[PDB]
Amino acid sequence: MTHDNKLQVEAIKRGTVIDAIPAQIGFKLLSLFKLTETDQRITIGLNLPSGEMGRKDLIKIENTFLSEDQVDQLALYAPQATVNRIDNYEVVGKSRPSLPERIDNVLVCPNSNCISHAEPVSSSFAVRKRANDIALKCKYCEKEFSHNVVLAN
Amino acid sequence: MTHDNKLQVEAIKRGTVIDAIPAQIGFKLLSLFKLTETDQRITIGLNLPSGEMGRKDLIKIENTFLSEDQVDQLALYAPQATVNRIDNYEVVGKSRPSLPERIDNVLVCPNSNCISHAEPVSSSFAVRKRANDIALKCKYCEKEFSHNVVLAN
Amino acid sequence: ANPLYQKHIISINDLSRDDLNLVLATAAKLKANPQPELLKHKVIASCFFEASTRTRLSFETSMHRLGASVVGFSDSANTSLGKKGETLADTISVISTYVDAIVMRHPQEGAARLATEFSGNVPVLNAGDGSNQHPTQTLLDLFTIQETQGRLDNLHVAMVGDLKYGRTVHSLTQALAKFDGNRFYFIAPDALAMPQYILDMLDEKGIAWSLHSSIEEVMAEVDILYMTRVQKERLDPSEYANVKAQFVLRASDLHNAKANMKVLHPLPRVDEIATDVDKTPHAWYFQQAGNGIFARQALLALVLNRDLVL
Amino acid sequence: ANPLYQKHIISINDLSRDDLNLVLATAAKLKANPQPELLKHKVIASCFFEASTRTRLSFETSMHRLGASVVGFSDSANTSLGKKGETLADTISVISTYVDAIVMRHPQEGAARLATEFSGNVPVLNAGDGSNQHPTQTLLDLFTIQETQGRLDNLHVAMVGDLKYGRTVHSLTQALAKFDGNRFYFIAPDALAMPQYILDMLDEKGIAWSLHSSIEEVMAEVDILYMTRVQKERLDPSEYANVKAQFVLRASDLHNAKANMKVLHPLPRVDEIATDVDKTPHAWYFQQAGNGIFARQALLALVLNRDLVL
Amino acid sequence: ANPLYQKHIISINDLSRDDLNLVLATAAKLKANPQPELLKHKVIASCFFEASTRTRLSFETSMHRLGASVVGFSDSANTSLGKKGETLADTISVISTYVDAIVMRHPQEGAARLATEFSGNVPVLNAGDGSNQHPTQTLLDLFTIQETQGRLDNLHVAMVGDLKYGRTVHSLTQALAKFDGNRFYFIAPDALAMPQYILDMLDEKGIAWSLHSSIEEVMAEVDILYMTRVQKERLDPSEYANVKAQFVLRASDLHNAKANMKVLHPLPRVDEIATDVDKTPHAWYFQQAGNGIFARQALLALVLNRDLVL
Amino acid sequence: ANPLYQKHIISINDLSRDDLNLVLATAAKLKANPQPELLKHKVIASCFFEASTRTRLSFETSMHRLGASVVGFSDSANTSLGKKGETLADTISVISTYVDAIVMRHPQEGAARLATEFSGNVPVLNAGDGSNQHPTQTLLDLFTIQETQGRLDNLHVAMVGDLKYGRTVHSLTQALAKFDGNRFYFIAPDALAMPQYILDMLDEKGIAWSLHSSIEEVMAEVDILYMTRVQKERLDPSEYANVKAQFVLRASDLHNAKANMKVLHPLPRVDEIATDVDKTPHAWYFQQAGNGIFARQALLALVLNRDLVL
Ligand SMILES: [Zn+2]
Ligand SMILES: [Zn+2]
């Protein structure tokens, strides 16, 4: 993707590079998934230029690897992000975000009466895609919501 | 500034560079002061090898300069930080976090009966140093708490 | 003696286009050149059988601005009111022997109407009656509309929220359907749609109205955006949450609105309108709340004063 | 061990066709030959965080008919809040150390589900978690439909009342949908219609259903008439009265009903089933409440016993 | 225009020695030569979000003595106020469009301060806010002290009771620490001592204060004896009883007091001061309560009137 | 006959070292080998004049695990008073004629003691009499300390929280003081310190104790960490927040704790023990609540049986 060989960010020898994160989502990803609570070198680039999409975000975590599941979790936010596994200064393998079947801890139930709101429990939603969108069903109240609503502001 | 290692290093055209942020404080600052809410190219460096000071966080905000007042807000979180002004690829200016007079909308009054909690108002505390310990007095309930207490939140 | 002199103000339907305009003309004048002793020596009963602070405070302030005295009460929280005892007919029969006018708010539809049959010569003003009328709130909504749009004919008015149970949107629709060429846009959740009956009346007049599912869908073309409070109890918290996002106004949604467009809300807003809107020039709910004073002073002056000298 | 041994009964969506037949086969045997000392020495907690005298009395009679002891409590509150603090999690973590099973009713959805996360090896049985589930009422209904019709497949079922909110009809529709050839007639006013998510599942599973205006149109076909209470609070008093008549059952309407046709109702019925219906052989709402005793004994017997020698 | 004209009266700390004296000078004058129509035509909102009859009656009487009108409310006993609904910000935004000044008492610290940010040009006076301020009570305590001692400098003042949680003793200490040479004697139970913070501030000024365990221990040398109510809830009834005897004033304890010494108490007294003291010339709590009227008339006159002509 | 046969269990001060060991030895045997029909035919009254669901549920489960029947009632009230009249004396004189033992909780101190004066030959067991005693909670704690530490002498016990008011820590300190070589670390904010009467008894008996500022200073030494809830109501919200942090336990603080170290808490814990503590092997508050079942069965078995064949 974006290739600057002049003022460019320093490359990582080994780790994970999440590229193509759409702009303004990169920070959310760090927050949501607690990506900063580590001692490893993390390099974040925000609002990076890439004619492919204008501005994109990018994250490089050193000596750290995301499993298939973990990567799948980015599916709601940066669905087109590319997770390139790095080793010895070369992309030893890529990865695309697949929509998983279940999503834990990061979401909040829209249902005001859901018990998950006042208790020591990790939210969990079942994911099922249905034309035009993705439905999310709460493990607790069992109410099904459109992702668009679960991902409110 | 540029962590010129061996191969490559990045640099912004002109803007601000916040260096010497103690480890684990970098991300907080991005979150708290909502620095990531710009169309500007932001470059973040977390857990960088400081060797002497240890591990540090680094933030570079392009075409963006911080007023002395803004620099002062960093005092409670990263008083050691150095905020560098860059113009024409070089450090035209260099300032450091000085203890502010007031601290707006980033803290939370630990007084649970304070009117500030449930309302459309930005918090505000009066900073009063009493030899290293910093007492923070709420603008609303007028209670004075130790900076330790307020900061846990 | 003025058209409204000694009349009872029960339902908006009892007021003609000429009456509405008379009240609104008087209100504007009372706002310009105040008359603080106009009602000096009158005693008005503030009878809130149903408690409502915003409304009571506003009516009473109105009474005070004109020099009148006020006696009254609020929230008759009788422990389980199977029978509070005395009939309302009896209470009004007694109270009408003390005061010069009665402003009442009651929980049951038709209460101010009944009162009328026992107050003798004493005028009774409806401060709200069940899910039926609330005429003073409308006089205030129209006065705020005329003041900001300069007219009550040929407006593009949007009504958003609980169109089904909102007694105020029902009344505003009827009042404005008395002026000409108004186009209505009804934005409401499927379960809270404008009652058929209102649509029916509108059609008879040959007035235009369209139903929209989104506010930004009509944003660009409205002069007035009248938001109402969607009460969660009327809904399931999941379905509430399912529709919420579709009817809450944020400053962003206003980027396409016209310069003259204003947002009104009978208040209280809570979820529906974000505070960020408060800061825009389109926010007019607090100003709308202030106009209640003139709309209310006007009404009282007209009813209690043979001829208005202004 | 039987399939339901030591299992939590939270939602109907968690049980299968077999599980349902297993509970109903056991219920039948216990109704035929009671086992007054099967659960002796067992202590069970009847935790009604939300009071429900009818449901509690039945559940506890069930526990006593099997020889178990009961400790518990009904309701917990203030006015519109409650008290101070202690999570449902700690409450269940504590109680889980005394008793052998937990029956519980709670105002928030998902409460029973959360309890299973803190109860350890103690099975949690849901007696109602807000607008979500109520497993035992559906088992009691199913046992009543089977007992009187002889089967759970190929039935003509008509549901009447408040289908939008009735958590019992949503659940019964989902339970019956696990069997074959059933046909559903939904008869509700427009404001209280069967939600689309249920309609969708029916469609998806190729199950026949249809909306009707009045019980009359379909009385002749129906095998089971399931009624629900349309609470006046879900409607404005005026609205209520207009629809009301369309969904009120009299003995005279049963006129053309099949011999086997039974009228069911979760109760309290109030206005919906006229008293003259109680005298027809079709009235089975009281006999349905009595069966709750056996569907409930069945669950407890199955969840606490590794094997039943029935 | 006078220093206090249009200012908000939120905390005693916002008032300088010059402001206190200006209010006190005005109060004495209003007491001598009354001005019953000074505020004629103003409408003041008496907003007691927290009910307090003594304080409301006094403020309102003050409003009436100057010719002003009053609209308002008291004890908003919402059943379990998890959310009373409207934000306080919104209530003040609306009320400030009706009235000319707002006197408010609220349960939460900082409420009058917040109000200030939404009342626009309308002054808001703090009638009590949580455990923070209550400036009008202090203006009344100082006016009663100056009236009886002839001065606010060089006094030997004793403060007895719940020095820890008494918002009034905290304020009186700060106000008097603005005048020179005052010596404070703090008589309080170990569990209810003067907060460290107050002692700290006092020391900075280089003001003297001593802690006593008994009242008669300092009886002989005090000019003012300011008793406060020790609330039993803050204590155990046994420990309460254990310390009670040590802080209740009886006429006997006064046999050594000076001729000029007066006993003040914000009221209500109950246990702390025996009725036998009422009969002595040192009793001044009821007179102190009467001075609230002039202290309050003064404050309102200054804020609502460009220049005080006296 | 055993020493506790037919005896009242009112205060911990009434039982001896032996009595304590006898109750705990029996508790252990019943926990090992249950006797589900020891108290069959016995009817016991669970009289909770002061509601306490947690304590009642446990006591009653205990009664049922021994085969006894339970009749009783929870709470009795109005708002801030109650009803008319009937002494506790007559109430006990009546109930004493039906049942075989009385378990009772009451808001006033000394209530259980007075009951023994009117109950005749029926033993009265105290489940809590105001701020005074609560015998069974101390027996349950002691049984938990012994079960996990292997002894009641030579322990390092740290008590944290509200020591001034916690009736459970006062009592536990008195119980442990009957054994040898125990050392106590008291860790409380200055306003909630261990009363002097307890400190005096410790001194008098040559028992070592010491105040500490934070759990940190002494974590390494402690065998038992007993926590209590500091109710925010005992402090002003501002005050609370400043101390709070000093007496809140996180999993990370347990870092340097001994293998055998157990964290105990009467419950409800709210803010004081972070949830991440529940996952460490040190968390034993839930297992302590479960033991209440056996310390309680022990008492009932001993008081109602002349001899135990355990
Ligand atoms: Zn949920
Ligand atoms: Zn505050």
# chains A, B, ... in the order shown; residues from 1 in each chain; ligands from 1
>>> interface_residues(of="chain B", to="chain E", cutoff="9 Å", atoms="only C-alpha atoms", output="number ranges by chain")
B: 111, 113-116, 118-121, 138-143
>>> write_last_selection(atoms="N, CA and C atoms", output="short mmCIF file (atom, residue, chain, number, x, y, z; two decimals), in the first residue's frame")
data_model
loop_
_atom_site.label_atom_id
_atom_site.label_comp_id
_atom_site.auth_asym_id
_atom_site.auth_seq_id
_atom_site.Cartn_x
_atom_site.Cartn_y
_atom_site.Cartn_z
N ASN B 111 -16.37 14.18 44.57
CA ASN B 111 -17.49 14.40 45.49
C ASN B 111 -18.73 13.86 44.78
N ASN B 113 -21.84 13.95 45.56
CA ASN B 113 -23.01 14.79 45.68
C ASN B 113 -22.80 16.15 44.98
N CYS B 114 -21.69 16.28 44.25
CA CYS B 114 -21.39 17.51 43.53
C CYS B 114 -22.36 17.63 42.36
N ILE B 115 -22.86 18.83 42.11
CA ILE B 115 -23.81 19.08 41.03
C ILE B 115 -23.20 18.82 39.65
N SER B 116 -21.86 18.82 39.56
CA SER B 116 -21.16 18.67 38.29
C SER B 116 -21.38 17.39 37.52
N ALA B 118 -24.09 15.10 37.08
CA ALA B 118 -25.24 14.93 36.23
C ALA B 118 -25.61 16.10 35.32
N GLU B 119 -24.65 16.94 34.92
CA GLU B 119 -25.03 18.12 34.15
C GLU B 119 -24.14 18.53 32.98
N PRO B 120 -24.68 19.36 32.06
CA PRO B 120 -24.06 19.91 30.84
C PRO B 120 -23.01 20.95 31.14
N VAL B 121 -22.08 20.62 32.02
CA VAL B 121 -21.05 21.55 32.39
C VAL B 121 -19.70 20.89 32.41
N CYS B 138 -12.74 21.99 43.51
CA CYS B 138 -13.82 22.01 42.54
C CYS B 138 -14.51 23.36 42.47
N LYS B 139 -14.77 23.80 41.24
CA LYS B 139 -15.43 25.06 40.96
C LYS B 139 -16.88 25.07 41.44
N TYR B 140 -17.51 23.90 41.44
CA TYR B 140 -18.91 23.80 41.82
C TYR B 140 -19.22 23.55 43.29
N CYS B 141 -18.82 22.39 43.82
CA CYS B 141 -19.08 22.07 45.23
C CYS B 141 -18.05 22.75 46.16
N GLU B 142 -17.00 23.31 45.57
CA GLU B 142 -15.95 24.00 46.31
C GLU B 142 -15.14 23.16 47.25
N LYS B 143 -15.18 21.85 47.07
CA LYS B 143 -14.40 20.95 47.91
C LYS B 143 -13.01 20.89 47.31
#
>>> calpha_fit_rmsd(fixed="chain F", moving="chain E")
0.7 Å
>>> residues_around(residues="stretch 288-298 of chain E", least_positions_apart="2", cutoff="7 Å", atoms="only C-alpha atoms", output="list in words")
residues 23, 24, 26, 27, 30, 31, 58, 59, 62, 63, 136, 139, 140, 141, 144, 264, 284, 285, 286, 300, 301 and 302 of chain E
>>> write_last_selection(atoms="N, CA and C atoms", output="PDB file, in the first residue's frame")
ATOM      1  N   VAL E  23     -23.597  45.219  52.906  1.00  0.00           N
ATOM      2  CA  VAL E  23     -24.876  44.562  53.159  1.00  0.00           C
ATOM      3  C   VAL E  23     -25.375  44.918  54.578  1.00  0.00           C
ATOM      4  N   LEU E  24     -24.484  44.836  55.551  1.00  0.00           N
ATOM      5  CA  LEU E  24     -24.841  45.095  56.926  1.00  0.00           C
ATOM      6  C   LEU E  24     -25.240  46.524  57.166  1.00  0.00           C
ATOM      7  N   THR E  26     -26.667  48.433  54.891  1.00  0.00           N
ATOM      8  CA  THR E  26     -27.987  48.548  54.268  1.00  0.00           C
ATOM      9  C   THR E  26     -29.107  47.935  55.096  1.00  0.00           C
ATOM     10  N   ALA E  27     -28.805  46.799  55.721  1.00  0.00           N
ATOM     11  CA  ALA E  27     -29.761  46.079  56.548  1.00  0.00           C
ATOM     12  C   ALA E  27     -30.215  46.914  57.739  1.00  0.00           C
ATOM     13  N   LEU E  30     -32.526  49.572  56.412  1.00  0.00           N
ATOM     14  CA  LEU E  30     -33.844  49.030  56.054  1.00  0.00           C
ATOM     15  C   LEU E  30     -34.609  48.693  57.324  1.00  0.00           C
ATOM     16  N   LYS E  31     -33.893  48.382  58.386  1.00  0.00           N
ATOM     17  CA  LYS E  31     -34.565  48.088  59.625  1.00  0.00           C
ATOM     18  C   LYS E  31     -35.126  49.388  60.244  1.00  0.00           C
ATOM     19  N   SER E  58     -38.938  33.218  55.584  1.00  0.00           N
ATOM     20  CA  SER E  58     -38.146  34.408  55.851  1.00  0.00           C
ATOM     21  C   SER E  58     -37.766  35.154  54.560  1.00  0.00           C
ATOM     22  N   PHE E  59     -37.295  34.417  53.567  1.00  0.00           N
ATOM     23  CA  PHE E  59     -36.940  35.011  52.289  1.00  0.00           C
ATOM     24  C   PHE E  59     -38.176  35.610  51.677  1.00  0.00           C
ATOM     25  N   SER E  62     -39.311  38.631  53.274  1.00  0.00           N
ATOM     26  CA  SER E  62     -38.410  39.686  52.838  1.00  0.00           C
ATOM     27  C   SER E  62     -38.845  40.209  51.501  1.00  0.00           C
ATOM     28  N   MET E  63     -39.225  39.303  50.609  1.00  0.00           N
ATOM     29  CA  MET E  63     -39.637  39.744  49.288  1.00  0.00           C
ATOM     30  C   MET E  63     -40.855  40.632  49.403  1.00  0.00           C
ATOM     31  N   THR E 136     -26.735  33.672  53.095  1.00  0.00           N
ATOM     32  CA  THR E 136     -27.749  34.508  53.743  1.00  0.00           C
ATOM     33  C   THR E 136     -27.821  34.236  55.242  1.00  0.00           C
ATOM     34  N   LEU E 139     -24.906  36.245  56.705  1.00  0.00           N
ATOM     35  CA  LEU E 139     -25.131  37.702  56.709  1.00  0.00           C
ATOM     36  C   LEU E 139     -26.021  38.117  57.862  1.00  0.00           C
ATOM     37  N   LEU E 140     -26.850  37.184  58.259  1.00  0.00           N
ATOM     38  CA  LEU E 140     -27.792  37.337  59.336  1.00  0.00           C
ATOM     39  C   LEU E 140     -27.062  37.128  60.664  1.00  0.00           C
ATOM     40  N   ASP E 141     -26.112  36.188  60.716  1.00  0.00           N
ATOM     41  CA  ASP E 141     -25.355  35.933  61.947  1.00  0.00           C
ATOM     42  C   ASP E 141     -24.429  37.123  62.233  1.00  0.00           C
ATOM     43  N   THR E 144     -26.400  40.212  63.352  1.00  0.00           N
ATOM     44  CA  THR E 144     -26.833  40.057  64.738  1.00  0.00           C
ATOM     45  C   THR E 144     -25.639  40.244  65.675  1.00  0.00           C
ATOM     46  N   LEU E 264     -26.279  32.492  70.180  1.00  0.00           N
ATOM     47  CA  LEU E 264     -26.889  32.388  68.864  1.00  0.00           C
ATOM     48  C   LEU E 264     -26.967  30.920  68.492  1.00  0.00           C
ATOM     49  N   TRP E 284     -30.539  35.038  72.319  1.00  0.00           N
ATOM     50  CA  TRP E 284     -30.696  35.924  71.200  1.00  0.00           C
ATOM     51  C   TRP E 284     -30.960  35.188  69.908  1.00  0.00           C
ATOM     52  N   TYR E 285     -31.354  33.926  69.985  1.00  0.00           N
ATOM     53  CA  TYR E 285     -31.594  33.139  68.773  1.00  0.00           C
ATOM     54  C   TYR E 285     -32.862  33.519  68.040  1.00  0.00           C
ATOM     55  N   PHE E 286     -33.895  33.878  68.786  1.00  0.00           N
ATOM     56  CA  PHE E 286     -35.135  34.286  68.146  1.00  0.00           C
ATOM     57  C   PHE E 286     -34.948  35.677  67.566  1.00  0.00           C
ATOM     58  N   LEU E 300     -31.349  41.638  48.674  1.00  0.00           N
ATOM     59  CA  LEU E 300     -32.194  41.754  47.510  1.00  0.00           C
ATOM     60  C   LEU E 300     -32.245  43.175  46.973  1.00  0.00           C
ATOM     61  N   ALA E 301     -32.267  44.157  47.864  1.00  0.00           N
ATOM     62  CA  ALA E 301     -32.318  45.564  47.454  1.00  0.00           C
ATOM     63  C   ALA E 301     -31.061  45.906  46.671  1.00  0.00           C
ATOM     64  N   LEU E 302     -29.902  45.532  47.214  1.00  0.00           N
ATOM     65  CA  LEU E 302     -28.612  45.797  46.586  1.00  0.00           C
ATOM     66  C   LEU E 302     -28.424  45.191  45.195  1.00  0.00           C
TER      67      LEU E 302
END
>>> select_by_dssp(residues="stretch 150-209 of chain E", states="alpha helix (DSSP H)", output="number ranges by chain")
E: 167-176, 196-205
>>> write_last_selection(atoms="N, CA and C atoms", output="PDB file, in the first residue's frame")
ATOM      1  N   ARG E 167     -22.429  23.329  58.102  1.00  0.00           N
ATOM      2  CA  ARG E 167     -22.058  24.259  57.049  1.00  0.00           C
ATOM      3  C   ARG E 167     -22.073  25.732  57.485  1.00  0.00           C
ATOM      4  N   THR E 168     -22.909  26.061  58.463  1.00  0.00           N
ATOM      5  CA  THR E 168     -22.975  27.432  58.948  1.00  0.00           C
ATOM      6  C   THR E 168     -21.751  27.849  59.791  1.00  0.00           C
ATOM      7  N   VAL E 169     -21.250  26.987  60.686  1.00  0.00           N
ATOM      8  CA  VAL E 169     -20.081  27.366  61.501  1.00  0.00           C
ATOM      9  C   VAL E 169     -18.856  27.498  60.622  1.00  0.00           C
ATOM     10  N   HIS E 170     -18.856  26.747  59.536  1.00  0.00           N
ATOM     11  CA  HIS E 170     -17.755  26.816  58.625  1.00  0.00           C
ATOM     12  C   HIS E 170     -17.769  28.175  57.992  1.00  0.00           C
ATOM     13  N   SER E 171     -18.942  28.635  57.567  1.00  0.00           N
ATOM     14  CA  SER E 171     -19.040  29.934  56.909  1.00  0.00           C
ATOM     15  C   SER E 171     -18.796  31.127  57.825  1.00  0.00           C
ATOM     16  N   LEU E 172     -19.267  31.019  59.063  1.00  0.00           N
ATOM     17  CA  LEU E 172     -19.140  32.103  60.025  1.00  0.00           C
ATOM     18  C   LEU E 172     -17.670  32.281  60.369  1.00  0.00           C
ATOM     19  N   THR E 173     -16.956  31.174  60.415  1.00  0.00           N
ATOM     20  CA  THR E 173     -15.544  31.213  60.711  1.00  0.00           C
ATOM     21  C   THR E 173     -14.801  31.961  59.590  1.00  0.00           C
ATOM     22  N   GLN E 174     -15.129  31.668  58.338  1.00  0.00           N
ATOM     23  CA  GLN E 174     -14.501  32.346  57.199  1.00  0.00           C
ATOM     24  C   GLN E 174     -14.848  33.838  57.114  1.00  0.00           C
ATOM     25  N   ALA E 175     -16.104  34.177  57.368  1.00  0.00           N
ATOM     26  CA  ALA E 175     -16.534  35.567  57.319  1.00  0.00           C
ATOM     27  C   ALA E 175     -15.820  36.371  58.390  1.00  0.00           C
ATOM     28  N   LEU E 176     -15.864  35.900  59.621  1.00  0.00           N
ATOM     29  CA  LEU E 176     -15.196  36.618  60.696  1.00  0.00           C
ATOM     30  C   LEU E 176     -13.651  36.641  60.598  1.00  0.00           C
ATOM     31  N   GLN E 196      -9.890  20.201  59.587  1.00  0.00           N
ATOM     32  CA  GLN E 196      -8.513  20.665  59.562  1.00  0.00           C
ATOM     33  C   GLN E 196      -8.368  21.856  58.644  1.00  0.00           C
ATOM     34  N   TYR E 197      -8.981  21.758  57.475  1.00  0.00           N
ATOM     35  CA  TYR E 197      -8.902  22.824  56.491  1.00  0.00           C
ATOM     36  C   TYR E 197      -9.234  24.206  57.041  1.00  0.00           C
ATOM     37  N   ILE E 198     -10.235  24.303  57.906  1.00  0.00           N
ATOM     38  CA  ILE E 198     -10.590  25.592  58.472  1.00  0.00           C
ATOM     39  C   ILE E 198      -9.490  26.097  59.403  1.00  0.00           C
ATOM     40  N   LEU E 199      -8.938  25.187  60.199  1.00  0.00           N
ATOM     41  CA  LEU E 199      -7.862  25.525  61.115  1.00  0.00           C
ATOM     42  C   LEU E 199      -6.711  26.009  60.262  1.00  0.00           C
ATOM     43  N   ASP E 200      -6.419  25.277  59.195  1.00  0.00           N
ATOM     44  CA  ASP E 200      -5.345  25.658  58.297  1.00  0.00           C
ATOM     45  C   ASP E 200      -5.486  27.104  57.820  1.00  0.00           C
ATOM     46  N   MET E 201      -6.633  27.442  57.244  1.00  0.00           N
ATOM     47  CA  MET E 201      -6.874  28.799  56.762  1.00  0.00           C
ATOM     48  C   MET E 201      -6.686  29.829  57.872  1.00  0.00           C
ATOM     49  N   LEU E 202      -7.181  29.502  59.059  1.00  0.00           N
ATOM     50  CA  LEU E 202      -7.090  30.403  60.187  1.00  0.00           C
ATOM     51  C   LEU E 202      -5.651  30.727  60.529  1.00  0.00           C
ATOM     52  N   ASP E 203      -4.819  29.688  60.543  1.00  0.00           N
ATOM     53  CA  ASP E 203      -3.408  29.815  60.877  1.00  0.00           C
ATOM     54  C   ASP E 203      -2.661  30.687  59.915  1.00  0.00           C
ATOM     55  N   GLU E 204      -3.023  30.603  58.641  1.00  0.00           N
ATOM     56  CA  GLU E 204      -2.397  31.426  57.614  1.00  0.00           C
ATOM     57  C   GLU E 204      -2.614  32.903  57.930  1.00  0.00           C
ATOM     58  N   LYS E 205      -3.826  33.228  58.334  1.00  0.00           N
ATOM     59  CA  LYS E 205      -4.139  34.595  58.672  1.00  0.00           C
ATOM     60  C   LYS E 205      -3.421  34.976  59.960  1.00  0.00           C
TER      61      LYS E 205
END
>>> closest_residue(among="E:85, E:189, E:266, E:206", to="chain F", atoms="only C-alpha atoms")
E:189
>>> residues_around(residues="residue F:95", least_positions_apart="2", cutoff="12 Å", atoms="only C-alpha atoms", output="PyMOL selection string")
chain F and resi 43-47+71-73+88-93+97-104+115+118-120+122-124
>>> write_last_selection(atoms="C-alpha atoms", output="PDB file, in the first residue's frame")
ATOM      1  CA  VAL F  43     -41.324 -26.053  64.805  1.00  0.00           C
ATOM      2  CA  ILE F  44     -39.087 -23.000  64.962  1.00  0.00           C
ATOM      3  CA  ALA F  45     -40.070 -19.347  64.595  1.00  0.00           C
ATOM      4  CA  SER F  46     -37.921 -17.198  62.393  1.00  0.00           C
ATOM      5  CA  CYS F  47     -38.926 -13.735  63.754  1.00  0.00           C
ATOM      6  CA  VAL F  71     -43.049 -20.336  60.680  1.00  0.00           C
ATOM      7  CA  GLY F  72     -42.029 -16.737  60.994  1.00  0.00           C
ATOM      8  CA  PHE F  73     -42.310 -13.299  59.501  1.00  0.00           C
ATOM      9  CA  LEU F  88     -42.233  -7.355  72.731  1.00  0.00           C
ATOM     10  CA  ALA F  89     -42.942  -9.039  76.090  1.00  0.00           C
ATOM     11  CA  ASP F  90     -46.517 -10.087  75.163  1.00  0.00           C
ATOM     12  CA  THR F  91     -45.447 -11.075  71.647  1.00  0.00           C
ATOM     13  CA  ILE F  92     -42.828 -13.441  73.032  1.00  0.00           C
ATOM     14  CA  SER F  93     -45.163 -14.658  75.797  1.00  0.00           C
ATOM     15  CA  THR F  97     -46.568 -21.207  73.531  1.00  0.00           C
ATOM     16  CA  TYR F  98     -46.421 -22.575  69.893  1.00  0.00           C
ATOM     17  CA  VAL F  99     -42.822 -23.142  68.908  1.00  0.00           C
ATOM     18  CA  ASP F 100     -39.761 -25.001  70.127  1.00  0.00           C
ATOM     19  CA  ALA F 101     -37.108 -22.250  69.699  1.00  0.00           C
ATOM     20  CA  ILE F 102     -37.138 -18.598  68.660  1.00  0.00           C
ATOM     21  CA  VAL F 103     -34.611 -17.098  66.241  1.00  0.00           C
ATOM     22  CA  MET F 104     -34.997 -13.337  66.174  1.00  0.00           C
ATOM     23  CA  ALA F 115     -37.221 -12.162  75.156  1.00  0.00           C
ATOM     24  CA  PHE F 118     -40.789 -14.012  78.661  1.00  0.00           C
ATOM     25  CA  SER F 119     -40.133 -17.130  76.659  1.00  0.00           C
ATOM     26  CA  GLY F 120     -40.243 -19.605  79.453  1.00  0.00           C
ATOM     27  CA  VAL F 122     -38.198 -21.975  74.877  1.00  0.00           C
ATOM     28  CA  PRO F 123     -34.647 -21.048  73.919  1.00  0.00           C
ATOM     29  CA  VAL F 124     -34.160 -17.637  72.241  1.00  0.00           C
TER      30      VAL F 124
END
>>> residues_around(residues="residue D:304", least_positions_apart="6", cutoff="8 Å", atoms="only C-alpha atoms", output="PyMOL selection string")
chain D and resi 5-6+39+101
>>> atom_distance(atom1="atom CA of residue D:50", atom2="atom CA of residue D:78")
12.5 Å
>>> interface_residues(of="chain D", to="chain E", cutoff="8 Å", atoms="only C-alpha atoms", output="list in words")
residues 78, 79, 80, 81 and 82 of chain D
>>> interface_residues(of="chain B", to="chain A", cutoff="7 Å", atoms="only C-alpha atoms", output="list in words")
residues 8, 9, 10, 11, 39, 40, 41, 42, 43, 44, 45, 46, 47 and 48 of chain B
